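Only one structure is covered here, and it is reproduced in the block below.
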Amino acid sequence: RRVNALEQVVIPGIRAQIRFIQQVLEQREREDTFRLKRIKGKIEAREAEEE
Amino acid sequence: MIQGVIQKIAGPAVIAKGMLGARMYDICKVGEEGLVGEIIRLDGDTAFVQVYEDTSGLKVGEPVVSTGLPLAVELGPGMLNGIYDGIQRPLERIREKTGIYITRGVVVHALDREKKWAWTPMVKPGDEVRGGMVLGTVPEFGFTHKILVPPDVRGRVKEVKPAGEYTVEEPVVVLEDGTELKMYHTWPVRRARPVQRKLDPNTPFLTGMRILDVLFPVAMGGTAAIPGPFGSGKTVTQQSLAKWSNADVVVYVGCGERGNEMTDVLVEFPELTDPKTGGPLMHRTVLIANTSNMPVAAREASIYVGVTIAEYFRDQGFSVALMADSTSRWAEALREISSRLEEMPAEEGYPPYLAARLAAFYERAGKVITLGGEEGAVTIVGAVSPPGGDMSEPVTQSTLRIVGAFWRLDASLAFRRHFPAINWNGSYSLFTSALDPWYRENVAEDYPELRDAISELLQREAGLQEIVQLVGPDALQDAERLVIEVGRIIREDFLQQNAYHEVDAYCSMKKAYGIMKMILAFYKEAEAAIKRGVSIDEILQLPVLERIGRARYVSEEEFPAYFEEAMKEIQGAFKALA
Amino acid sequence: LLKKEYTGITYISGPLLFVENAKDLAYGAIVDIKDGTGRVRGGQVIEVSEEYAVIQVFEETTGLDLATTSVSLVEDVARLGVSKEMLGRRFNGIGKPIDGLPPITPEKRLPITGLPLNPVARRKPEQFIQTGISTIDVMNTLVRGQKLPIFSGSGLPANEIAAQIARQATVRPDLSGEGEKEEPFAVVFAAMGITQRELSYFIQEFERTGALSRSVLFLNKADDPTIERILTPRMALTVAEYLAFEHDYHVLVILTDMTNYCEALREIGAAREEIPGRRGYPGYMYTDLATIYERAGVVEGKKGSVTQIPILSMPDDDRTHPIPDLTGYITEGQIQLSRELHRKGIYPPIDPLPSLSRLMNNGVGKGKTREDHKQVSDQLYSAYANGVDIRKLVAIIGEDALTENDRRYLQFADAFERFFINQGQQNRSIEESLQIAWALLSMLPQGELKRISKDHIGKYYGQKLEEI
Amino acid sequence: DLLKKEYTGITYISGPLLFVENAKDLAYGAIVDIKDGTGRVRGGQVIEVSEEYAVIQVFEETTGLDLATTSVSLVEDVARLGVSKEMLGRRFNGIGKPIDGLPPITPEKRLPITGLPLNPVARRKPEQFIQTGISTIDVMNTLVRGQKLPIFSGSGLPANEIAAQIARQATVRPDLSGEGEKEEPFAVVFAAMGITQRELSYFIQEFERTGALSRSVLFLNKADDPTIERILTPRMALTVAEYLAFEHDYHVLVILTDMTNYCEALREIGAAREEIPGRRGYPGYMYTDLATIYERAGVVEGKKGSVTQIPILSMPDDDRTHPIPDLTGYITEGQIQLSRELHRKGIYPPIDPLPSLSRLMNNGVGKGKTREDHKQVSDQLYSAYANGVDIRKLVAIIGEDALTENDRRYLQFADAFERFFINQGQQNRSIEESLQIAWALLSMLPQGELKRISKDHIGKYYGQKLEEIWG
Ligand SMILES: Nc1ncnc2c1ncn2[C@@H]1O[C@H](COP(=O)(O)OP(=O)(O)OP(=O)(O)O)[C@@H](O)[C@H]1O
Ligand SMILES: [Mg+2]
């Protein structure tokens, strides 16, 4: 009973939690990349005001 | 007026030039087709306009004309029994011009200018009027529509038209300074209508559902939020509230959802009867429909139009219930507009001012004393559609800070056809304490004790559910098995409610009270009989258990006799038992 | 009309090129790009201003240069030529034939974007459609005018189920009365990102059945440019709407894979530098998906109808993935395939527990069909839920914690699947299946049938398993 | 001066910002008044000035403003508030204007609202024990006079009731300290940010019933008020509190309703200017901005007055690692954290003892202040409750029947502790009652388990039975 309980309840919940945390971290990384791209564009556009 | 030309087109965003003198948040007319747009940014000689219609086919150089006024709705007689677009256009007057399809550019007045209304004056020359006072009355479908002075008007009365039949655009009262008061007036949708004072909500809002009326009540000026994943039952719950509640006027806002859910309401409502006046159900309902395939920028305006109309009906003394079908679509529209403006997002792409907008929308609800000296109320029930059932998303978390009740739906119950599928462990209500004096005089004097006892039984069963899942139901003793079976009886016979059944769809307070009393009487008798060595098997096989299960299908006119017979049978069958 | 050409190309990078002095280019127009070699590419204006216009190209930009390239205008609104004679033809997903037959002559030219339907002009979908599959027609019945997707897996037979439904779809105008007349039927088939093997299998099935004579195929292969995948379902829905609302046809629309459409949408959106959404998909994917699924339904005062059955696959069976989650918020139900039922050899592997049909209540009932249909369905749902629950209890605790009452639930749950769900290539009926549904409810006691009224219990209770 | 200069030539309006070009004579941080075409006047503040153009944030909404008729005029170089001793018993909005219908006050001084830092040499150690009447606060998480003790709440949890009860029952015990003089009632400064009508009405009725509105000052910023006004309200409230406390020897208790709304307004302004974000989009300077508010409480050597702060904030999704609770915990001196599990069981007040903290607890307790057995009893209670929680975790795996005879005592101790020490309701308890109940609970455990209590205290106090009190 203990073996079946572990293999049928405990492991899949931990796997789902791991997947959820990975998705959240990846989304935050993508948002950071977008922000850095925007401010790089701003920096490049600043120098072109008067050449 | 201020007049210019189009400089740049990109989706629903149009940049006009030559617009020096235009004001923020005004209404502009874009292009030769006469589309409707709103200023949201001024920059030198240019202006940023978001268009509420389809922008395909526009060309650079078309004129833009600024009307100089903000977005406003027309408030007056003729709004009931109506279906409106996102910017208050009558759909039935559009179909007669354009066919089965919706084409941009069609302009129709919101209030019909050809109908004649019976006029009855109540003021006399020489009187002085203020904002919110009543000038006269006009009959509607059972109601008595009152003609109100606009909130910004003050002066003395010079001449009043006598009784008769007039259109909505004929002046009825002329003041001393030459101001003419008609049967209708316009109000900006982004300004809350003024009131004298706000009162503490103290009377319940009866929804007709047992779980929402007993366990998690909502008052007559409160706000409630019902989040859940797809297929949970938000729309069915809101439509049952529209069908069976005790509100005088119901305003339904279909913000960004399916078109079949509006056709069902338009078709089935005229054949139903409202609970309090006996007339057609559609005679008290106002629909604002903006489906998912309509222009996105019109989703934001529909919420403000609906809440402004609901506030207008509040000023006449009625009790108005407002149902917003989805606020996440409004959040998506805000995200789209912010992306077009190229603003920096806060979380999930949403603009950082979303919580302020949500708090400004929900704050318009409440029980007030109107400027005319009457009492009115507005209740708001908004539904949230979180992506994938995640309750940590920004829209859900920004709503929990202002609402007074939180009805959480569950996918596990909805998958097993256990409706209304309300999670009774994650839900709460903050109006329970204030509504107790009403219950102590309007249903019975022992109602709160009964409700608390049943809540305690549910808590005990939920506690035992951890034990039973690892040892099985047989290994528990009789005192625990009794609690398990009683909790199952409560779950399958009291909380569950079919919204499509002929009788079970609506439940009064006294019927639920009687079911509660019967269940607890059975529990007490079984608890007494357990100590005499009687087996659980002998108790669970008793025929009186089926009387509890079938109790919710008895009509209201036959319930007290059934209740008396069931109580006598409960008190007798255990006496017959050993 | 005589053409006009622009040569003011000032910037090319990736899929975007900028055109100078493009004042008279309308927004959203369709353009033709020609280079020095004479090859012609497609493009669409996505942003226009006083200084330049921005055009995204329908395919790769190799060979373009700022000297010899010219851009011309095709039409301000993208349109498709339609005709009644398209029945039996095949198209590549852009409107051009691929069967070697001469091109059709356009009766009308309609915009492929379409227009929203007025909610007043609609009416209630109220007609039952016999799919030929028992687990659908009883518990999750399909109503004419519904959009009912199928939630598949990565190794589950969804294409075969779709082909069987397309072969066995009928109108059955006998039980609710209706017109009692021989009614025309049509199937519009659209495939996005399909492979060569699946293409051959689909065309072979349609030819062997003989259903090709009343069908139109919009087949888009996986090696085609990705824009032709985007426009594929819109042209199919344009053809379906034209047929249904100008010739009183009852059309059926099948979309093979929405996941490829979503991945193409993400790839297109990422090339325009837009803020991503939940898993990198664009934030406006809800609106883009809604503009497709909302073109089905029925219209008051007309005889035709449009019914959509999209098929999509859940990556790693994740029901919380953005694509199935956003699809479920628009459509009116779902049919979910179960991998565990497929593991034991049951075909079709439809799981009744997470399946749902929202328009069931008005498509079945008194006079429309057998009177007992709704109570039969909900009692079967409750009993199956209880049986699977106690079966999951047994798999941990063991058989020692079972009384005969729970053993009856176990026997019912084990019984249901092999008699009702497994059907192979059969073409069963509705009155056939209702007796089988009543038979399985006979083993449980009368007291378990709380929801069913005493009248329906009294009339029909008691029958053994009728599988022979 | 006594002259007004109008800067016409606005070139940009979007969101909460507004640009005026030829306005190089405006000082940084100055206050301006924005005049509409129809005569309406709205406030503003300069946040960046240059010889090219100046950047102005607008407090109210921007509806109706146009680039042709709008003008900007200067009010004062430094943002200042006119305070007085007669403002007790009044009500104000978020920017200090009266809303109670009474005529405006006459200022005795005009103080800057940004404040100035306190010299650490001039400070003194807070050592006055405050008896709040709650056992989980008086015994385990003692609050001293001059402390910043925020309340970490949730969505549906009753933080407002706890704050009102603390404000109602707060008193010092001069007989135990050895002073013996007549204490004065606490003056209350109440600052609201984005508060709803329900909570505002509850607070107003509570203050009316207690009769404390004659000693209270109220700054109210409702939910329908403009969002950017929330930047100024805590600064005005703390300016008034500091003035009263360090110029008239008042004992001031300051309550801030919701710091989350302040953080939302700060995020709106920071994202408008596109600063480098911290975590979850909040600006990088949020730590300094929050520190300029909390650090204005304390006690000053050579003066009788004091300032005590009780911020209230709601943790989103009950997440302790969210940036707002994280920074608030890094700045303040402890927290009182509410538990939803205790709230679902009907226990009021639902204060969770384990995640709570009080840094200044050791200064105010001990011999000559409360009693000599305070700290050891607190430590032993904490250790025993932690053991009980761990055994509760174990019985979810092995079952309670498989326990030894030792762990059942800890389990019953945890249950009785939650049911008796924490669940006290609306009654007021003295420190002696709470210590008596705590010693009654500790007598359930064997005498040999009390490793953190000196044997003298065990001999003096152990042995009482709980049935003499709650029997
Ligand atoms: N109270 C109820 N009684 C009976 N059946 C119900 C009830 N509530 C929901 N259902 C069933 O569940 C379905 C849920 O549909 P509904 O439109 O209410 O869901 P929803 O949560 O609003 O969905 P969506 O997010 O897709 O808009 C109904 O069509 C019906 O079949
Ligand atoms: Mg819905």
Please state the relative contact order of chain B as a whole percent: Cα pairs under 8 Å, 6+ residues apart? 12 percent
With no solvent term and unit scatterers on the alpha-carbon positions of chain D, Debye gives log₁₀ I(q)/I(0) at q = 0.06, 0.07, 0.13 Å⁻¹ of -0.33, -0.44, -1.23
What is the pair-distance distribution P(r) of region B:1-71, computed from all Cα-Cα distances in 10 Å bins starting at 0, with each bin given as a whole percent? 24, 64, 12
What percent do you get for the relative contact order of region D:231-297 when only Cα pairs under 8 Å and 6+ apart count? 32 percent
May I ask for the percentage of alpha-carbon pairs in region C:273-320 that lie more than 11 Å from each other? 78 percent
Geometric extent, Cα atoms of chain B - Rg, Dmax (angstrom): 27.9, 94
With the alpha-carbon atoms as the only input, what is the per residue convex hull volume for region D:389-462 in Å³? 99 Å³
Roughly what % of DSSP beta bridges within chain C run antiparallel, to the nearest 5? 60 percent
Determine the relative contact order of region B:115-181: mean sequence separation of Cα pairs under 8 Å and six or more apart, normalised by residue count, in whole percent. 35 percent
Rounded to whole Å and ordered largest first, report the semi-axes of the equivalent ellipsoid of region B:115-181 derived from its Cα gyration tensor (root of 5λ). 20, 13, 10
Taking N as the number of residues in region C:213-253, what is its alpha-carbon radius of gyration divided by 2.2 N^0.38 Å? 1.33
Averaging 1/r across every pair of distinct alpha carbons in region C:118-231 and inverting yields a Kirkwood hydrodynamic radius, in angstrom, of 16.5 Å
Those GluC sites (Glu not before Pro) from region B:532-578 that are DSSP loop and have at most 15 other Cβ neighbours within 10 Å turn out to be B:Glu556, B:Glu557, B:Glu558
Step by step: find N for region B:122-250, compute 2.2 N^0.38 Å, then divide the Cα radius of gyration by it. What's the final number? 1.48
On a C-alpha basis, how far is the centre of region B:231-288 from the centre of region B:318-385 in Å? Whole number, if you could? 20 Å
Convert 10 °C to kelvin, take the viscosity as 1.306 mPa s, use the Kirkwood radius over C-alpha pairs of chain A as Rh, and evaluate the Stokes-Einstein diffusion coefficient in µm²/s, rounded to a whole number. 109 µm²/s
GluC sites (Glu not before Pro) within region C:163-255: which are DSSP loop residues with at most 10 other Cβ atoms inside 10 Å? C:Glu180, C:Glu182
Rounded to one decimal in Å, the inverse mean reciprocal Cα-Cα distance for region B:355-455, i.e. its Kirkwood radius, is 16.6 Å
If you take the C-alpha gyration tensor of the protein assembly as shown, multiply each eigenvalue by 5 and take the square root, what semi-axes do you get, largest first, in whole Å? 53, 49, 34
Just to confirm my numbers, what's the Cα centroid distance between region D:162-203 and region D:409-447 in Å? 26 Å
Anisotropy class of region B:248-384 from Cα gyration tensor, a/c 1.5 cut: oblate
Considering all projection directions equally, how large on average is the shadow of the alpha-carbon convex hull of region D:302-378, in square nanometres? 7.6 nm²
Would you kindly calculate the mean projected area, averaged across all directions, of the convex hull enclosing the Cα atoms of region B:430-577, in square nanometres? 10.3 nm²
Can you give the convex hull volume of the alpha carbon atoms of region B:218-268 per residue, in Å³? 108 Å³
Can you list which of the chymotrypsin sites (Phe, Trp or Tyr not before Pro) found in region C:218-327 are DSSP loop residues with at most 15 other C-beta atoms within 10 Å? none
Classified through the alpha carbon gyration tensor (a ≥ b ≥ c as square roots of its eigenvalues; rounded if a/c is under 1.5, else prolate when a/b is larger than b/c, else oblate), region D:199-319 comes out oblate
Per-residue mean of other chain beta-carbon atoms within 10 angstrom of the beta-carbon, peptide D:261-274? 4
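Bear in mind these aren't lab numbers, they're just calculated from the coordinates by the rules spelled out. When we count neighbours, we look across all protein chains shown, and the Cβ atoms used for this are built from the backbone with ideal geometry, even at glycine.
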